[PDB]
Amino acid sequence: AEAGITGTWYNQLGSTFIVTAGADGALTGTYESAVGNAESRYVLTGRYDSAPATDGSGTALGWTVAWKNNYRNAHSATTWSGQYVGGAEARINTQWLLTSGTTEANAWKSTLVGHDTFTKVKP
Amino acid sequence: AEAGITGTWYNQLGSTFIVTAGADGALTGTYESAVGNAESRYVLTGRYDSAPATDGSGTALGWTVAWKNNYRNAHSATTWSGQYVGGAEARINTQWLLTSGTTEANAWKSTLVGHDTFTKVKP
Amino acid sequence: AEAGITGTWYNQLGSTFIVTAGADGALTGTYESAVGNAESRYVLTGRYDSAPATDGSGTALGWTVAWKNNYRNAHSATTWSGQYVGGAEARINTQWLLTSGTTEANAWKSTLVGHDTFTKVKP
Amino acid sequence: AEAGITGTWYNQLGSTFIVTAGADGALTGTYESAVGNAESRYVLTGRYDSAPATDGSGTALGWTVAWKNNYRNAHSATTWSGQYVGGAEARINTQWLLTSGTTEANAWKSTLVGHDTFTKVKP
Amino acid sequence: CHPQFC
Amino acid sequence: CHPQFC
Amino acid sequence: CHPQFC
Amino acid sequence: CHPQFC
């Protein structure tokens, strides 16, 4: 956990997130929808288990991005929930929920669900 | 949003979360599994849309709790994704994902899903 | 289970589903987006636990509706997963996933998630 | 769709499902937790879009398995929701919900969520 | 609106 | 019971 | 293990 | 396209 989590991670689509894992279980960093532009970077914050079990278990973690920055506001927020798995081929396997602000009539279509794997290796 | 979100919220089970919504879209606070004991309070962090749309839309938000504090470690983290809806009977409607750290053989059972409504009124 | 499940159920929105629970665990019936029109009725099929546990447990079940009938095709399918709970105020608490057919570029937005409670009482 | 869906599919874990796609949108077949034993085969039923869009879209579908057969009863049901994608390397990308029958006190842990890709190629 | 809802 | 719930 | 998995 | 994706 901690030292293993801090770093740059890439998913299958080409998105980048840069995270620092703090000693007291805090995650802070930025998500970039594309590898090189300020207009596509968004703030993230989250938490992780800072004393994970000593058998071969993953480290549980989660984070949120609200999709507003200085250039764009998409009136929506995503949360990722998953676990870090260390070793030679470190990865974070996640499921995610994306909620949009809706009217009450449209609330049934407010939330999408999907899944994402992050690796330290950009392919 | 912001001033409307800051405060104490209760769900149907009796859990309490206390949150401050910061000017730059940050949420900070504590979740309490039961209304009066330090051993049941956990840190939360999250994000919300700090300039939501002016028509009657909800404000999108999300937060994470990692289930470790000074007394207990449950080797797990939950993320809530949803939207604040203001007015006389303010509420936050959420869906949530709870992930446990597992071995790779057990990874299929790692994540539970559910939903929660928070109100300012304790019943 | 079985005899308790067979019947007409209503959710909070006003949708109706009519289901027969067969002796060998089959569910067959129709979903109606609104209480009185053929253009809004769709076929459903599913399965349930036909020998549930004798302590006070719910009966696990699930069903699928593909949103095509003689009048409309919405190129999408929903599955409901949940449990029947018997007694004086019988209900089926479900979570659901709605998937639309997308192009591969748009596959990230293909699936919505929500939840529904059905009661025998129309309010 | 239809002719393309009928057949044997394998996921990454080694599970097999055999499905017939009927002319009127019905899916019928068996799921096998392991490739060769009757005690591990379970009945499935579901629905699919039998007139999908002519641009390069997937075909939406869903099915249910209740985990009871002649040898075992696990008091639970899974629904898979997704889309078939044709071509040289045909696949069905799904998300799934597994619900267990619980007591009302334990209902919060009733439903797990995950995702599965089926291919015609066993690896 | 989607037929699940209207 | 999990601390989310008790 | 659950029969979905074994 | 949503910024999570582009």
# chains A, B, ... in the order shown; residues from 1 in each chain; ligands from 1
>>> residues_around(residues="residue 106 of chain A", least_positions_apart="4", cutoff="9 Å", atoms="only C-alpha atoms", output="list in words")
residues 102 and 110 of chain A; 1 of chain E
>>> write_last_selection(atoms="C-alpha atoms", output="CSV table (one decimal), in the first residue's frame")
chain,number,residue,atom,x,y,z
A,102,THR,CA,-30.9,15.6,-13.1
A,110,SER,CA,-28.9,9.6,-13.4
E,1,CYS,CA,-38.3,8.9,-22.1
>>> residues_around(residues="residue 21 of chain A", least_positions_apart="2", cutoff="8 Å", atoms="only C-alpha atoms", output="number ranges by chain")
A: 2-3, 5-6, 19, 23, 25-28, 48
>>> residues_around(residues="residue 2 of chain H", least_positions_apart="6", cutoff="12 Å", atoms="only C-alpha atoms", output="NGL selection string")
(:A and (33 or 40 or 67-68 or 72-78 or 98-100 or 112)) or (:C and (105-106 or 108-109))
>>> atom_distance(atom1="atom CA of residue 101 of chain B", atom2="atom CA of residue 80 of chain D")
24.0 Å
>>> residues_around(residues="residue 6 of chain F", least_positions_apart="6", cutoff="10 Å", atoms="only C-alpha atoms", output="PDB file with C-alpha atoms, in the first residue's frame")
ATOM      1  CA  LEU B  13     -30.643   2.878   9.419  1.00  0.00           C
ATOM      2  CA  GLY B  14     -29.583   5.447  12.036  1.00  0.00           C
ATOM      3  CA  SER B  15     -26.149   6.359  10.636  1.00  0.00           C
ATOM      4  CA  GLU B  32     -20.727   7.488  12.430  1.00  0.00           C
ATOM      5  CA  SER B  33     -22.233   3.996  12.255  1.00  0.00           C
ATOM      6  CA  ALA B  34     -24.109   4.858  15.449  1.00  0.00           C
ATOM      7  CA  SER B  40     -17.698   4.123  15.336  1.00  0.00           C
TER       8      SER B  40
END
>>> atom_distance(atom1="atom CA of residue 60 of chain C", atom2="atom CA of residue 47 of chain C")
8.8 Å
>>> select_by_dssp(residues="chain A", states="helix (DSSP H, G or I)", output="PDB file with N, CA and C atoms, in the first residue's frame")
ATOM      1  N   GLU A   2       0.467   2.421   0.432  1.00  0.00           N
ATOM      2  CA  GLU A   2       1.149   3.720   0.432  1.00  0.00           C
ATOM      3  C   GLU A   2       2.240   3.993  -0.603  1.00  0.00           C
ATOM      4  N   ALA A   3       3.488   3.590  -0.352  1.00  0.00           N
ATOM      5  CA  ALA A   3       4.572   3.775  -1.294  1.00  0.00           C
ATOM      6  C   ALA A   3       4.225   3.106  -2.617  1.00  0.00           C
ATOM      7  N   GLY A   4       3.619   1.901  -2.615  1.00  0.00           N
ATOM      8  CA  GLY A   4       3.214   1.211  -3.841  1.00  0.00           C
ATOM      9  C   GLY A   4       2.126   1.959  -4.624  1.00  0.00           C
ATOM     10  N   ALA A  38      -4.304  21.048 -19.679  1.00  0.00           N
ATOM     11  CA  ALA A  38      -4.845  21.471 -18.382  1.00  0.00           C
ATOM     12  C   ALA A  38      -6.351  21.458 -18.305  1.00  0.00           C
ATOM     13  N   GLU A  39      -6.980  21.632 -19.463  1.00  0.00           N
ATOM     14  CA  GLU A  39      -8.429  21.689 -19.584  1.00  0.00           C
ATOM     15  C   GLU A  39      -9.087  20.332 -19.323  1.00  0.00           C
ATOM     16  N   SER A  40      -8.250  19.279 -19.366  1.00  0.00           N
ATOM     17  CA  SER A  40      -8.706  17.937 -19.119  1.00  0.00           C
ATOM     18  C   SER A  40      -8.260  17.407 -17.750  1.00  0.00           C
ATOM     19  N   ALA A 107     -34.541  11.396 -12.792  1.00  0.00           N
ATOM     20  CA  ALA A 107     -33.592  10.827 -11.871  1.00  0.00           C
ATOM     21  C   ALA A 107     -33.262   9.364 -12.169  1.00  0.00           C
ATOM     22  N   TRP A 108     -34.151   8.593 -12.797  1.00  0.00           N
ATOM     23  CA  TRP A 108     -33.892   7.200 -13.142  1.00  0.00           C
ATOM     24  C   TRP A 108     -32.693   6.952 -14.063  1.00  0.00           C
ATOM     25  N   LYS A 109     -32.310   7.926 -14.862  1.00  0.00           N
ATOM     26  CA  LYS A 109     -31.189   7.826 -15.767  1.00  0.00           C
ATOM     27  C   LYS A 109     -29.998   8.554 -15.178  1.00  0.00           C
TER      28      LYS A 109
END
>>> calpha_fit_and_write(fixed="chain C", moving="chain B", output="mmCIF file with C-alpha atoms, in the first residue's frame")
data_model
loop_
_atom_site.group_PDB
_atom_site.id
_atom_site.type_symbol
_atom_site.label_atom_id
_atom_site.label_comp_id
_atom_site.auth_asym_id
_atom_site.auth_seq_id
_atom_site.Cartn_x
_atom_site.Cartn_y
_atom_site.Cartn_z
ATOM 1 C CA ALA B 1 -42.294 -18.112 -2.602
ATOM 2 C CA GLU B 2 -44.297 -19.457 -5.688
ATOM 3 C CA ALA B 3 -47.948 -18.878 -4.671
ATOM 4 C CA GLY B 4 -46.823 -15.666 -2.848
ATOM 5 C CA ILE B 5 -44.998 -14.363 -5.995
ATOM 6 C CA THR B 6 -47.668 -15.084 -8.624
ATOM 7 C CA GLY B 7 -49.777 -11.906 -9.014
ATOM 8 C CA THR B 8 -49.676 -8.248 -9.919
ATOM 9 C CA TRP B 9 -47.014 -5.950 -8.500
ATOM 10 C CA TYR B 10 -46.683 -2.137 -8.726
ATOM 11 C CA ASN B 11 -43.647 0.026 -8.205
ATOM 12 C CA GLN B 12 -43.451 3.608 -6.913
ATOM 13 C CA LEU B 13 -43.531 5.064 -10.470
ATOM 14 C CA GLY B 14 -46.797 3.413 -11.557
ATOM 15 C CA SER B 15 -45.363 0.476 -13.534
ATOM 16 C CA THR B 16 -47.128 -2.889 -13.354
ATOM 17 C CA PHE B 17 -45.689 -6.396 -13.747
ATOM 18 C CA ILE B 18 -47.771 -9.492 -13.852
ATOM 19 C CA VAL B 19 -45.869 -12.759 -13.133
ATOM 20 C CA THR B 20 -46.595 -16.504 -12.795
ATOM 21 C CA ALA B 21 -44.074 -18.452 -10.690
ATOM 22 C CA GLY B 22 -43.878 -22.036 -12.024
ATOM 23 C CA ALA B 23 -43.222 -25.142 -9.910
ATOM 24 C CA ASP B 24 -39.755 -25.598 -11.426
ATOM 25 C CA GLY B 25 -38.410 -22.152 -10.633
ATOM 26 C CA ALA B 26 -39.536 -20.323 -13.842
ATOM 27 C CA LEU B 27 -41.003 -16.774 -13.878
ATOM 28 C CA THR B 28 -43.075 -15.700 -16.986
ATOM 29 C CA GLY B 29 -45.201 -12.498 -17.425
ATOM 30 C CA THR B 30 -45.436 -8.952 -18.745
ATOM 31 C CA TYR B 31 -44.121 -5.553 -17.654
ATOM 32 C CA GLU B 32 -46.303 -2.518 -18.437
ATOM 33 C CA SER B 33 -44.715 0.940 -18.319
ATOM 34 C CA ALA B 34 -48.219 2.316 -17.781
ATOM 35 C CA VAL B 35 -51.305 0.605 -16.373
ATOM 36 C CA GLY B 36 -53.461 0.331 -19.599
ATOM 37 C CA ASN B 37 -52.058 0.058 -23.169
ATOM 38 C CA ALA B 38 -50.676 -2.788 -25.346
ATOM 39 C CA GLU B 39 -47.954 -0.609 -26.822
ATOM 40 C CA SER B 40 -46.415 -0.366 -23.367
ATOM 41 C CA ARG B 41 -46.454 -4.086 -22.532
ATOM 42 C CA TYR B 42 -43.278 -6.120 -22.874
ATOM 43 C CA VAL B 43 -42.469 -9.836 -22.259
ATOM 44 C CA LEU B 44 -40.410 -10.871 -19.231
ATOM 45 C CA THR B 45 -38.778 -14.121 -18.285
ATOM 46 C CA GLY B 46 -36.733 -15.090 -15.171
ATOM 47 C CA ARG B 47 -35.931 -17.574 -12.397
ATOM 48 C CA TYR B 48 -36.441 -17.825 -8.593
ATOM 49 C CA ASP B 49 -35.329 -20.175 -5.728
ATOM 50 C CA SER B 50 -38.228 -22.662 -5.536
ATOM 51 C CA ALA B 51 -37.103 -24.226 -2.207
ATOM 52 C CA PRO B 52 -36.037 -21.197 -0.134
ATOM 53 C CA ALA B 53 -34.632 -21.495 3.466
ATOM 54 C CA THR B 54 -37.067 -22.048 6.310
ATOM 55 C CA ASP B 55 -35.678 -19.390 8.662
ATOM 56 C CA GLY B 56 -36.918 -15.791 7.966
ATOM 57 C CA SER B 57 -34.911 -15.335 4.733
ATOM 58 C CA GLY B 58 -36.116 -13.750 1.469
ATOM 59 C CA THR B 59 -36.509 -15.788 -1.702
ATOM 60 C CA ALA B 60 -33.829 -14.809 -4.318
ATOM 61 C CA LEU B 61 -35.081 -14.143 -7.886
ATOM 62 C CA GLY B 62 -34.277 -12.257 -11.099
ATOM 63 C CA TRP B 63 -35.902 -11.437 -14.517
ATOM 64 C CA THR B 64 -35.106 -9.768 -17.882
ATOM 65 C CA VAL B 65 -37.182 -7.481 -20.176
ATOM 66 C CA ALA B 66 -35.872 -6.681 -23.679
ATOM 67 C CA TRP B 67 -37.540 -3.360 -24.736
ATOM 68 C CA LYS B 68 -38.956 -4.482 -28.099
ATOM 69 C CA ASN B 69 -42.574 -5.218 -28.786
ATOM 70 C CA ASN B 70 -44.873 -4.887 -31.842
ATOM 71 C CA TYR B 71 -44.925 -1.057 -31.708
ATOM 72 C CA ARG B 72 -41.543 0.168 -30.470
ATOM 73 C CA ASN B 73 -37.979 -0.927 -30.280
ATOM 74 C CA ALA B 74 -35.728 0.903 -27.785
ATOM 75 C CA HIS B 75 -32.561 -1.268 -28.482
ATOM 76 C CA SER B 76 -31.990 -2.024 -24.817
ATOM 77 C CA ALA B 77 -32.654 -4.680 -22.058
ATOM 78 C CA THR B 78 -33.073 -4.403 -18.261
ATOM 79 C CA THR B 79 -32.384 -7.188 -15.655
ATOM 80 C CA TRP B 80 -33.807 -6.973 -12.094
ATOM 81 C CA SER B 81 -31.987 -8.907 -9.262
ATOM 82 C CA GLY B 82 -33.491 -9.097 -5.713
ATOM 83 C CA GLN B 83 -35.599 -10.996 -3.249
ATOM 84 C CA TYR B 84 -39.199 -11.545 -2.387
ATOM 85 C CA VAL B 85 -40.188 -10.939 1.199
ATOM 86 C CA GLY B 86 -43.536 -12.347 2.263
ATOM 87 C CA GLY B 87 -46.083 -11.565 4.895
ATOM 88 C CA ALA B 88 -48.790 -9.026 5.428
ATOM 89 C CA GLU B 89 -46.866 -6.411 3.517
ATOM 90 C CA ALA B 90 -45.196 -8.444 0.838
ATOM 91 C CA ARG B 91 -42.574 -6.775 -1.295
ATOM 92 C CA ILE B 92 -39.798 -7.446 -3.774
ATOM 93 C CA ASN B 93 -36.759 -5.266 -3.268
ATOM 94 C CA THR B 94 -34.591 -5.137 -6.447
ATOM 95 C CA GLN B 95 -31.547 -3.514 -7.981
ATOM 96 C CA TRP B 96 -31.531 -3.222 -11.768
ATOM 97 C CA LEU B 97 -29.138 -2.783 -14.712
ATOM 98 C CA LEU B 98 -30.351 -1.238 -18.014
ATOM 99 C CA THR B 99 -27.963 -1.851 -20.977
ATOM 100 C CA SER B 100 -28.351 -0.079 -24.387
ATOM 101 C CA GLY B 101 -26.746 -1.455 -27.632
ATOM 102 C CA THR B 102 -23.878 1.044 -28.367
ATOM 103 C CA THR B 103 -21.015 1.402 -30.727
ATOM 104 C CA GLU B 104 -17.647 0.330 -29.214
ATOM 105 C CA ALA B 105 -16.609 3.961 -28.828
ATOM 106 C CA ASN B 106 -19.713 4.600 -26.812
ATOM 107 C CA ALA B 107 -19.635 1.476 -24.726
ATOM 108 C CA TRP B 108 -18.701 3.339 -21.483
ATOM 109 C CA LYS B 109 -22.186 4.889 -21.291
ATOM 110 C CA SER B 110 -23.999 1.684 -22.089
ATOM 111 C CA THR B 111 -25.350 0.660 -18.601
ATOM 112 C CA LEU B 112 -27.430 2.468 -16.009
ATOM 113 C CA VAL B 113 -28.042 1.190 -12.492
ATOM 114 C CA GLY B 114 -30.902 1.801 -10.105
ATOM 115 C CA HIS B 115 -33.189 0.127 -7.624
ATOM 116 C CA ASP B 116 -36.981 -0.579 -7.399
ATOM 117 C CA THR B 117 -39.453 -1.855 -4.676
ATOM 118 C CA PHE B 118 -42.625 -3.623 -5.871
ATOM 119 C CA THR B 119 -45.703 -3.972 -3.662
ATOM 120 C CA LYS B 120 -49.043 -5.736 -4.173
ATOM 121 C CA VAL B 121 -50.781 -2.550 -3.115
ATOM 122 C CA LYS B 122 -51.153 0.171 -5.745
ATOM 123 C CA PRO B 123 -51.067 3.531 -3.834
#
>>> interface_residues(of="chain E", to="chain C", cutoff="7 Å", atoms="only C-alpha atoms", output="list in words")
residues 3, 4, 5 and 6 of chain E
>>> write_last_selection(atoms="C-alpha atoms", output="mmCIF file, in the first residue's frame")
data_model
loop_
_atom_site.group_PDB
_atom_site.id
_atom_site.type_symbol
_atom_site.label_atom_id
_atom_site.label_comp_id
_atom_site.auth_asym_id
_atom_site.auth_seq_id
_atom_site.Cartn_x
_atom_site.Cartn_y
_atom_site.Cartn_z
ATOM 1 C CA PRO E 3 -40.276 2.629 -21.955
ATOM 2 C CA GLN E 4 -39.022 1.373 -18.555
ATOM 3 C CA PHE E 5 -40.174 4.781 -17.338
ATOM 4 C CA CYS E 6 -43.041 5.933 -19.620
#
